[PDB]
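S.K.: I'd like to ask some things about the structure below.
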Amino acid sequence: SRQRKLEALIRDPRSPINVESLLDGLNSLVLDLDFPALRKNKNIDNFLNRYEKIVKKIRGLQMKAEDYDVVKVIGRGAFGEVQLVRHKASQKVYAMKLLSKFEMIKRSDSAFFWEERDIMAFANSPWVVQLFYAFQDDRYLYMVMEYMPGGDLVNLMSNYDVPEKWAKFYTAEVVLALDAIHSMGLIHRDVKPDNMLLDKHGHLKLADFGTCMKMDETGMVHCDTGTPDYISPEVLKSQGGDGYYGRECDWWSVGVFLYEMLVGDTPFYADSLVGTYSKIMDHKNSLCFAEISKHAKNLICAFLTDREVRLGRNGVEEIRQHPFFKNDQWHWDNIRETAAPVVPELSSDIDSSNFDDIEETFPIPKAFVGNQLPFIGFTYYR
Amino acid sequence: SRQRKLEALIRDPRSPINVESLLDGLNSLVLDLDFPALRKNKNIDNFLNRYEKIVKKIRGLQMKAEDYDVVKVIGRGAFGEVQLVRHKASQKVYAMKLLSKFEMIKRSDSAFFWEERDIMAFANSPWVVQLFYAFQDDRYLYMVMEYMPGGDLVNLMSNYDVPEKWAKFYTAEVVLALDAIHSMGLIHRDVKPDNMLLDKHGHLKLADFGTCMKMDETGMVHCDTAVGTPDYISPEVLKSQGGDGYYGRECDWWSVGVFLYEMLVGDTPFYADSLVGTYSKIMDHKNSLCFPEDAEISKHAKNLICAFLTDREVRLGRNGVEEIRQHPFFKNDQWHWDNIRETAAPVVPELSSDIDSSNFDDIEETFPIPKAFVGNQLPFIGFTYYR
Ligand SMILES: Cc1[nH]ncc1-c1cc2c(s1)C(=O)N[C@]1(CC[C@](O)(c3ccc(F)cc3)CC1)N2
Ligand SMILES: Cc1[nH]ncc1-c1cc2c(s1)C(=O)N[C@]1(CC[C@](O)(c3ccc(F)cc3)CC1)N2
């Protein structure tokens, strides 16, 4: 066949050897070889003279952080900040998440983003925040995503006293969004109001995929990797050395979310990491309520039990037909194209009134350290 | 102002960042990192576990040396042999030059082939031997060229007594071959009968481009190394070893002079028992150059040689290739300069089959595992070429 089998692999933007990735493999080789210490090497100097020229040019004609106006900083993650940005040429407003390369190399935390990228880029769901451009430089990783001007549910829940019928909507849109995540053979692990963003029209989209794992042939995962509030008992227990868990661990998170939304506090709240963790483990005795209807009370309890009997172990169908999700203005077939509880009031394309306000280098190597190598293949254009 | 600018750079076959070279980039990185000592590094291991699998599958599709049957070894250069090969699938015959990656690295001389490749892969001249494929593996560099069953001119000079009528032809063809090399912006520096091969029809081609330098924007080169074979070296290239060297194409016309002298006299002009003696005779070429009493040579032939074998300032061909063409020696009734290559050759080779190598005499170690990063395969990233 020759270069037909090989041409196909290059074309696929899902394959790790697409053109953009091959270019990363050159840049990160130049970026990690270009230090005077290592330059004493004959081989490393031959290479860098022949390529440094053309490599610098390439760097020029592909997406940079300079190609964006930074309207304002709207969030701050574990590694970098999330910015509200406007691309200069097209003038289109996006949300740009920065990830610090150095703060990732300085931690057992420099592979998480691969799932965060693949989901947001290729999920193609109405339930997933959508990635347009993924690019990098010597310092940072960048993801350019559709901006969600509606805020997150942590902001809504503090701003509005949430009544039962509002929770019927919000829980349901999480259920569906989660099912979409599951149908890509993935568990979210850490589902919570922070990863729940609202769009222009007040509808849900999941966002923070950092802690995602891909299910086994069976459907479980068997490896250890935050803060407990919304985390399932089996997941905490399994941090001490293996033991599988599955998709049902996300449904636990949902119950915690429905509780917090209806009551006001998380069901296992305590003013310490230890306290919430301890309460979760003894969930049999710790969960108690009030002013909640029996149908809503019941769904919370069907979620907040160990994985064996937890609602949604048998399927997403159990959840749907539950008496709590019975209303008038939406069916599961059209929930997204109905009116949301809170449709956000938006002045312009850069309005961020649903978000609040907020106000590093690599060490020059002696030997080859390969700091950029973990980030080869991250670059992506729509 | 678009990434369609970039799109062009990738597609351009003679661009440093074509897809083959980008894939070489990924490959020679996997090769220079996959060692247990190196893999103690988190980064290098994070990388290899994600790429090593797919990289292996690619290597599978890449042109192996297994793709060829080796008919006979027909030559051996400094850094490896030249095998007469038949490509298995196509069943076509090729000459394949091997270049040892180890011996090339071990001797600090590992940049000479880049020109050698471009000349053969892109010359498109009937005077330049032509490259079809250029692949590599961890151990070797490979050059698949069109086979030249006729043999080299060193062979022709020791099987036949060359009369001046033949010398006229061969010298003329060498002259035109070099003009084609020059018109591509390159000086050869190593013109010799060994680098002069003969096609199926007994006609010339130039072969060993390892020593080639590309002229600057003014047709001159700055070289401070005395490069090439000691017998054919020009006084300027020789002197250039010490201090600022400065020369153009003229040095190639020196070689042509020596070539002709060898062909008519039967010996090189500045021959000596040592290398160090040959150099000295070249330096004192006014006094050392003389034709023997017994060798009979036309007054035209001696004129052409001596016009070639002088200081660059007064050397023939300094004022264009034209003053060579019209030289009285090149007067004949058998070929013009327009056609020469389509006249009958003085020696047409008798080939019995497509693997006949009767015009070639028959004949008849790797890297250590590194501690840290060494990048042994880095000088070879981008070698790979296909037609
Ligand atoms: C706004 C937008 N529009 N289109 C995409 C986005 C994203 C926003 C974030 C995204 S995308 C993300 O990936 N991470 C975070 C990092 C900050 C976070 O941890 C936070 C903030 C405040 C809290 F009170 C608690 C938590 C939430 C997740 N933010
Ligand atoms: C035959 C063919 N067909 N298509 C390409 C070729 C090439 C052949 C060679 C090529 S291409 C080459 O690059 N190098 C050499 C290595 C051996 C050499 O140095 C030599 C020196 C003195 C000798 F008495 C004999 C041989 C000559 C050049 N051979």
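Sequence positions for chain B are given in Swiss-Prot numbering; the residues included correspond to 25-388, 395-417, in order.
Placement of Cβ uses the backbone N, Cα and C atoms for every residue, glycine included.
Annotations per Swiss-Prot:
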type	residues	note
BINDING	B:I98, B:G99, B:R100, B:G101, B:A102, B:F103, B:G104, B:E105, B:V106, B:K121	ATP binding site
ACT_SITE	B:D214	active site, proton acceptor
MOD_RES	B:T414	phosphothreonine
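Locate each feature and note its surroundings.
M.R.: Within 10 Å of the C-beta of B:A102 (ATP binding site) there are 13 other C-beta atoms, taking all protein chains into account.
Every protein chain considered, the tally of other Cβ atoms within 10 Å of the Cβ of B:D214 (active site, proton acceptor) stands at 22. Annotation note: B:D214 (active site, proton acceptor) sits in a coil segment as assigned by DSSP.
According to DSSP, B:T414 (phosphothreonine) sits in a coil region rather than a helix or strand.
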S.K.: On a count of neighbouring CB atoms within 10 A, which of the binding-site residues B:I98, B:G104 is highest?
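M.R.: Comparing the binding-site residues B:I98, B:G104, the most crowded Cβ belongs to B:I98.
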S.K.: In angstrom units, rounded to an integer, how far apart are the Cα atoms of B:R100 (ATP binding site) and B:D214 (active site, proton acceptor)?
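M.R.: Per the Cα atoms, B:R100 (ATP binding site) and B:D214 (active site, proton acceptor) stand 17 Å apart.
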S.K.: Just to verify a number: CA distance, B:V106 (ATP binding site) to B:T414 (phosphothreonine), in angstrom, no decimals.
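M.R.: Pair distance, Cα basis, whole Å: 18 Å.
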S.K.: With the ATP site defined by the record as B:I98, B:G99, B:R100, B:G101, B:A102, B:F103, B:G104, B:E105, B:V106, B:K121, how many Å span the farthest pair of C-alpha atoms?
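M.R.: Across B:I98, B:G99, B:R100, B:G101, B:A102, B:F103, B:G104, B:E105, B:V106, B:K121, the widest Cα separation comes out at 15 Å.
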S.K.: Round to the nearest Å and give the CA-to-CA distance linking B:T414 (phosphothreonine) with B:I98 (ATP binding site).
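M.R.: Rounded to the nearest whole number, the Cα-Cα distance is 24 Å.
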S.K.: Which of the recorded positions B:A102, B:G104, B:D214, B:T414 have a Cβ less than 6 Å from any atom of ligand 2?
M.R.: none
S.K.: What's the number of neighbouring CB atoms sitting within 10 A of the CB on B:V106 (ATP binding site)?
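M.R.: 20, counting other Cβ atoms within 10 Å of B:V106 (ATP binding site).
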S.K.: Tell me which of the recorded positions B:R100, B:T414 sits in the most Cβ-dense spot, judged by other Cβ atoms within 10 Å.
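M.R.: Output for this query is B:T414.
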S.K.: Take B:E388 and B:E395, the residues on either side of 6 unmodelled positions, and give their C-alpha distance in whole angstrom.
M.R.: 17
S.K.: Determine, to the nearest whole angstrom, how far the Cα atom of B:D214 (active site, proton acceptor) is from the Cα atom of B:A102 (ATP binding site).
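M.R.: Here the two Cα atoms are 14 Å apart.
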